[PDB]
Amino acid sequence: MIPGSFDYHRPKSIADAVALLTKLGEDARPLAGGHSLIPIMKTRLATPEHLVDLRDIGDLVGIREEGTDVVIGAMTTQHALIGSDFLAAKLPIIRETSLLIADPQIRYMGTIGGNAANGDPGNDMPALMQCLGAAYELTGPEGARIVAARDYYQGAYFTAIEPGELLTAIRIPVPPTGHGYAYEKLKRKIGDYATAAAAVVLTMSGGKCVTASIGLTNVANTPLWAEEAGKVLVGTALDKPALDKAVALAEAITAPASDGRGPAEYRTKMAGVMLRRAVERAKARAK
Amino acid sequence: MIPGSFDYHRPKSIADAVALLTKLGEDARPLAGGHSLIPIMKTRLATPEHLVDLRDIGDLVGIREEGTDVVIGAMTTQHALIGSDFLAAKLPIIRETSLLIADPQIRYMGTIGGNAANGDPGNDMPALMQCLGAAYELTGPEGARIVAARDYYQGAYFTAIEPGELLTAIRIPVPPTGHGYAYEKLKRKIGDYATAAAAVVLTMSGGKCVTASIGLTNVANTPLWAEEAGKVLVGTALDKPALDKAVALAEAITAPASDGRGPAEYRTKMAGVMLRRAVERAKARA
Amino acid sequence: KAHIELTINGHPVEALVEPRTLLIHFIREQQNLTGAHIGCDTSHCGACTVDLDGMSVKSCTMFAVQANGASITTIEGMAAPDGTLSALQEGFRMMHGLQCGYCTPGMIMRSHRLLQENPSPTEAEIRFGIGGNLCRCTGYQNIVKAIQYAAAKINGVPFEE
Amino acid sequence: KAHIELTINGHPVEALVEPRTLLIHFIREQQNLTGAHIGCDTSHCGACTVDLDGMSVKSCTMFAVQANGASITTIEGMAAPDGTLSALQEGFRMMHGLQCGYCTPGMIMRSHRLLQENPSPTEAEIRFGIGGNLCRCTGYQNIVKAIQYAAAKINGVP
Amino acid sequence: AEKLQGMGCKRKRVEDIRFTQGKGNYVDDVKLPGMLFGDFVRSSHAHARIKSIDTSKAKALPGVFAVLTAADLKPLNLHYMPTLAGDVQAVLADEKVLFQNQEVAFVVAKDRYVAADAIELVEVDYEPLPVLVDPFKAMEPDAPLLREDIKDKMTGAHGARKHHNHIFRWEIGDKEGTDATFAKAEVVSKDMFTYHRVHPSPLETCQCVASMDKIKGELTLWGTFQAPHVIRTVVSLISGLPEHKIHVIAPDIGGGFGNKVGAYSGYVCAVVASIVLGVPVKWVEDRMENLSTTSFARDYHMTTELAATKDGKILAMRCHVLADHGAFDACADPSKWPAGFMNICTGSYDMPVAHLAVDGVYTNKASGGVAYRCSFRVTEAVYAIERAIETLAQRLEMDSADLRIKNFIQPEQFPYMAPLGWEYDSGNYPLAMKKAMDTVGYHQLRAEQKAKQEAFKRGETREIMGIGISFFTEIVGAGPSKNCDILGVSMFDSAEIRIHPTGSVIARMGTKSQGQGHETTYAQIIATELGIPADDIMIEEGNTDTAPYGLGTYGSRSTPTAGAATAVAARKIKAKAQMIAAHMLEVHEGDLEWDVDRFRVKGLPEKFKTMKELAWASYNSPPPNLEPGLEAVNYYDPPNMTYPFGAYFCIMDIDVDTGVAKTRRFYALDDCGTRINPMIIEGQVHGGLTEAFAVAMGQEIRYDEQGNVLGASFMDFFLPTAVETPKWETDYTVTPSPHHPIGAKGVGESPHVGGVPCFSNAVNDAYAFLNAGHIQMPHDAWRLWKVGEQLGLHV
Amino acid sequence: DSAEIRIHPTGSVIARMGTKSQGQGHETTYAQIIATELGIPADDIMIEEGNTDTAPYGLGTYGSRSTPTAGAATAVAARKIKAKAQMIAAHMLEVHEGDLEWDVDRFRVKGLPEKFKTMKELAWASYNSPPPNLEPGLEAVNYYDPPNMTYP
């Protein structure tokens, strides 16, 4: 229950935060909503010597239309995502996914950037970002760079971020008007990380699928972008035979954990069921 | 019980305390043992704005013999007076008196200079000091000066001290070796101020009194020095006729308060009885 | 120690705290506002819920230093000054929405914010809306009734039965 | 307010006090050492007696600022660190030297100093020696026994 | 054997452990979250109308939370409070003040320092009224109308209401018979004896901490209460809060001595303030307010007559008292007894007939009367008779010891119906008087005295010798339900005893110690009754939630009432234990006998069950006929009072020239029946004799013609130190109370009751050969000087 | 298990039991049992559990036992008080106990309903004018050894 002692910092800018994280090294962690970090400090699984609280950096909160993207600041909370009329219009899958994350209190605090950066395969945002083809804007002591969400995750708690860097924003290409979308999660109760979940965005014309992308949550040590499963839907009517192919290609890239949610084989199968169900709901929504 | 607010000072030296008292004026009071001042602050009969605590001034404490005097620092406690075997050899009446003042706790704190300076006719030391012909050394912004104890008291809480002065020492002539002495006090209980008390010092030779001096405590609005009463003893065998004369002359100068200790007429007679008993015990000592 | 200044139940508070002190412990141990409770060590139960700058927060998952400058309401802050209980407090009694009482401060503080988010919620919206708060005694049914009662009281008109 | 630093029952104390705060109120109210009592408003009763720099002091007749730098013992300080009662505490119980208990802290604190002043006092010395302490319950007779019992115990120790 | 520490043992006190270490819990030791401090603005005037109170400067002062006046109380009907005497007393003065230092406003502040500052800011405008302080003038036609709230003007004695300053007239005894005896008796001996106003002055003053919990609607009240259950019931009746929501706690009390029976304005004001503010409010009075505004004692002017034959047989007593009650009749007493038990004033003597009348009057003084070990005016009764015996003996030219011996009620006459209605339980007066006289060498003292008197007349000494005698009959343990009640509650008391499975005990009683050792001695009663060591028993009193209802500690009633209940409750447990033993041993209960700590089978003493075993069996193997567990309660309604007695002798030497008296010897024989703890009794006697010395020789509260209260601080109020207090020589006989369950009588007040006449008789006796007459107390030096001055002794 | 019930002079009540609630509402429900037995409103009754110095000895709350055991004791102890109250009423009304009938919160004289004493009046009387064969006050304890379990 009780964390180990630490020094607490409140940088005023991104630049200052990055300078601090760079100076202080691994003993310093950024503190965003704190709803993954504080729990593991409390069990002393994490014992940072410094917490760099991002709360006074106004620049890190926000939802912006820019070019052909929406750009969401890393400190934007789940609650704010859900409350955004603009996101509900342009990227309705975000609200749907957020409302399947955690609980009201956690959503008031937890941030999109913390969800993306954390590295727990249980987080829901990572695979949604992979589905959407989002890019992560990082700032570090060496400057700015971009890493595709599809390339950000290498293993459990093993991401592409480098020493001193902060994830500052997530840049999401706005999908076509009329697109279909769904996030379908199987879980033991409110607040539980998914047994399996699937994110789907697709478009249709004239009975046929034009585009499709699929992310899979918590069925490997990272999120997964089920590239071949989406590809095999394109051109089809999204009926049971097409879905059979997609399900096989999705199941084949899973490598779940065996834990209290069930054995790995069950979770692989559930990824396929969640996929079917997500595709069906996205198909209906499309147009 | 609860005093009014004040500012508290701890000067390091006589000079600093006199500077403070002089600057702050009437609204500052010296604080010595506190066992008259603090009780009247707690009733709010006194509401000084400043207290000037004399505790850190080492030069105010001590007992020494200088020429034909004993000089006692104003901050010397009753307990210290009682404890001094040097004072007991020279001025044994002081110990006797001090043991009749207040109670052990008060005697640990109360000072000789406070007892002398306070101005309550209930205090025992004033008339003793008048009996002994002591002088009070005062220091103020204008320098040192001396006031006889006999000239120091004008009324209840009205004394010869001036603004900005401290009583720094008491200078007491040492009586001859073999002198008689006594302090005889009538009171309602331990701690009480006297219904009446008498201080006597006397010397004898060849069965005759050669010198005598008498003080009377708490039988007027000041201590009294009973000049005539002491003179009438000189040359006598300290027999009945002589004592009757001294008693008359002593009673005649009293003017006691009528209070819980009894009416003025009683207290006048008790000044006489205390005087008789004190002379008798002095005579035996001499 | 860090110096913090905030507002709790409408009163200014100034304190010194270690950075690692959890908000729940500052509130209970330092401020002696013992209504908020601890029911878990993993941030699931919600018994520590307070209202903080217009948000329902699990105070076991925040450091007191993070609340510098904030305004917090705890269960002690809910009743009026005239003695009279809030709508929610009254509804929890009227509808028998508590037994042991251990979840009740956190349930009421969550529900206070819920009814500001959504003044006239459906039963499903209520259940979802208190998903972060566990109760062992009531089986939730009477809690839902209590929140419906309070809403109807606030609104001047009932909604669902 | 004045900053003071002193020792009470062997422990360092530091505080900020109004000069007018009486020492008995500092002890009872700020320090929460409620053994010492108040029995009067004129300095007669001795219920507030503490041992201060080797002296018996009526702490209702001193300001806390005057105790700056002092070492004070109150009744709480009299038992040994292993809990064992002092000879005086034991004597007061064995000889029935208290009833309501209200004078007792001050009587024992005065008596602690009395038996340092005079380890082998006569009854007249004892009675005079506690003349600054009033008791309503005992009529003093058993208090004298208690002090005598304590002197005998102390005088046996070495 | 070594562990039992039961009845008769000098068991060392369990209280002493905490009190010798400063770990008592007295009221002012209590600190609660948010607790404020309150205290009063008080009247500078004895009698005046209140034109205006300005509180605005006090309210404005930082740290001040409230300033109550009577205007805030009225609407709650709490600007007056009821008294035990059936009058009312002003809580905060409304239209007028009636005694100096009366409460006028109540300031509530952060702490007692700020409160004291804010009190000095309140400005009261007064309009003086004529002051009445002489009770002998209280019923004159031009006497001021004090109590405008209850009385109209009524200037004489023959109107449809009593004079406006007349509180009550109470009479008892056979007026016609008494008058007829006095009309024909050979000798009639009359004097007016004043028992001057004094004060109980407990070393801890009166105080409380009120805490209204507004969230729960429950009041907790810590306070200096000798009768905490009574205070609960009163607080209920006046506040409207129900008893189950009022939690009164009398914690450790630093002496009471009767000062802490009744309610004071500070209790009511703390409560009201806490109710208004919703935080705790502490009130602690200072000494000068305790002495001048809480219960005084005595203030009876007793015109006392005995009729006799020339050979010294007492034929009748006739006594009329003028009682000065101050401004409100707050005199604690059973409700039917406005002059308490003053009708025990025929004392230890067998007289055919008697008559007593008492008139109470209002004056501009604090209220009270009954306090300071009075046993409900028995102090005054005993003084009247024991002084009258001496003045009669002078008039008869008889030795007063012989006069008593000629007139004592004899042991065979008990139970003895006395001529003013009390039936004395048991007594052996001739044996105790003889033991006393022999111990002090009485006849030799009288020869010594006669020689000293002759020396005085020859000019050989200035000292005179007095021999004081006081042979007294007390009446304690109020009392039977037929005639003893406090505001309608019968004066029973109670005990509850519960034995735990492993054989230790918790017991509670409806009394409340203020130092008398109850926590030690009640356990001794139970220990003997049940064979359970006293240290295995916890005694508690004073928490109204937990203790059984009782009427409190006063009138030396604890041993008569709760001590009886303790024994009777213990005996209920014993009887149930006998049934358990019968079940276990498979015999009839009638086949068992109790033997110290076990029941044995008659004739098979090998077969037995200990109380410890029976306690465990009551939980482990309860007999099917019976309930599990082992506990009992008794509420004890006494059949009669108990009547302890004593024989006190004082030898006093007086210096006629200064007036200074010195006690040579004081011998005190007390017989209180069965003696539970001889160590504790001895302490009670030492303390009470010291009070008696104080009252007779120096203590007073006075008022001047302007109504100023004089001498009400320790600057003047005579409390002896160890230096002044005499050594005490104590002795006893044992004459059990026949009706009490363990034969025990009360004793705590006896020493004061008997002691004051002893001292005063000694002083009066010293001067009798000089024909001084009755010398009124106190016998301090100035007053005894005036005696001699007036007899010509100084010239 | 056990119950102790004490009625104050002014007719409110303190009652304690040997069980201990952890949220089952004993502080509400034990008062309900007493209220019906005695005709004293439930709000006039204070219930306490859990302080071993003050509550009568009991075996605690588990086994759904509180109602079977302490709830029985509560009723039995309250019936002891009612029986004493009926004696007091008979003494005050100058009738035989068998001439009295209970009507919610009072004893009335059979066939003379205008002659009655309420429980409140009886509680005061128990302190003010105890009938000469009875003890003062009005209180009772029961330790209840059940004859069987209950089988809901």
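The chains carry the letters A, B, C, D, E and F, assigned in the order they are written, with residues numbered from 1 in each.
The working rule: a contact is a pair of C-beta atoms (placed from the backbone, for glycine too) under 8 Å apart; a residue touches a chain by one contact, two chains touch by 3 or more.
Touching chain D and chain E at once are the following chains: B.
Of all chains, the one whose Cα centroid sits at the greatest distance from that of chain F is B. More C-beta pairs touch across the D-E interface than across any other pair of chains. Computed centre separation for the pair chain C/chain F is 40 angstrom, with centres defined by C-alpha atoms. The distance from the centre of chain B to the centre of chain C, each centre being the mean of the chain's C-alpha atoms, comes to 73 Å. Measuring from the averaged C-alpha position of chain A to that of chain B gives a distance of 93 Å. Distance from the chain E centre to the chain F centre is 37 Å, each centre being the mean of its Cα atoms.
Each of residues 112-113, 286, 715, 719, 721, 723 in chain E touches at least two other chains.
Counting partner chains per residue, chain B shows two or more touched chains at residues 1-2, 4-5, 103, 190-191. Residue ranges of chain B in contact with chain D, taken from their complex: 1-8, 34-35, 38-39, 41-43, 51, 53, 55, 79, 102-106, 108-109, 190-191.
Put simply, chain E touches chain F in their complex at residues 233, 236-237, 242-245, 481, 485, 488-490, 492, 494, 498, 500-501, 506, 545-546, 548-549, 619, 622, 624, 627-629, 631, 633-637. Taken in their complex, chain D has these residues touching chain B: 2, 18-20, 22, 38, 41-44, 46, 49, 55-58, 60-63, 65-66, 110, 113-114, 128-132. Those residues of chain E lying in contact with chain D across their complex are 12-13, 15-24, 26, 28-29, 31, 111-113, 201-204, 252-255, 257, 286-288, 514-517, 679-680, 682-684, 686-691, 713-715, 719, 721-723, 725, 727-728.
Every residue of chain C that touches chain F in the complex is listed here, in rising order: 99-102, 137.
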